[PDB]
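Below, in structure tokens: the form solved without D-MYO-inositol-1,4,5-triphosphate, a single chain.
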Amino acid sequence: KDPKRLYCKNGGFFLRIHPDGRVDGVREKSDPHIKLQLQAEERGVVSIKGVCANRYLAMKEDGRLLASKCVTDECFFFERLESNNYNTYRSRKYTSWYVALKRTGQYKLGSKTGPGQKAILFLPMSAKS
């Protein structure tokens, strides 16, 4: 229902979405650019929206993460609650690729992701008006 924030296991960054479509991560939990709307577009599938940015998280055919004003099919991810109780966000289009952040706060390229990495593990937080 309410806005949330995606906390990454890799280093402790919040997934961030800039107004200009850029995606990155920050430790600052008050940065308004970390508020996200996860919409259940279907069972096991969510679209990830930056509230302030008014943009949708997206994954490109080359591994690139960016935020588009337009919702599209590169905008869907499978949300899965892993056995460790962290969530993972896997591209519904580019099926072996996950949303992830490097220990540097940069996002990690889709193509370099896979199961077992910290970079992929996130923990949603929040709820609120």
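Just count from 1 along the sequence shown to find any residue number. Note that the rigid core is defined as the largest set of C-alphas that superpose within 1.5 Å between two forms. Shifts are known only where both forms have a C-alpha.
Although it is not shown, the form solved in complex with D-MYO-inositol-1,4,5-triphosphate is what the next lines describe.
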**Message:** Is residue 46 part of the interface with D-MYO-inositol-1,4,5-triphosphate in the entry with it bound - any heavy atom within 4.5 Å?
**Reply:** no
**Asked** With the cut-off set at 4.5 Å between non-hydrogen atoms, does residue 14 touch D-MYO-inositol-1,4,5-triphosphate in the entry with it bound?
**Response** no
**Partner contact for residue 68 in the entry with it bound: D-MYO-inositol-1,4,5-triphosphate, 4.5 angstroms, heavy atom** = yes
**Heavy atom of residue 80 within 4.5 Å of D-MYO-inositol-1,4,5-triphosphate in the entry with it bound** = no
**Message:** Checking a candidate spot here: are 38, 41 and 92 all in contact with D-MYO-inositol-1,4,5-triphosphate in the entry with it bound (at least one heavy atom each within 4.5 Å)?
**Reply:** no
**Fill in**
In sequence order, the residues of 20-38 that place a heavy atom within 4.5 Å of D-MYO-inositol-1,4,5-triphosphate in the entry with it bound are 23
**Message:** Given a cut-off of 2 Å on Cα movement between the shown form and the other one, rigid core as reference, pick the single residue from 104, 84, 96, 54 that exceeds or meets it.
**Reply:** 84
**Request:** Kindly list the runs, ordered along the sequence, of 3+ consecutive residues whose C-alpha shifts are all 2 Å or more between the shown form and the other one once the two forms are aligned on their core.
**Result:** 83-85
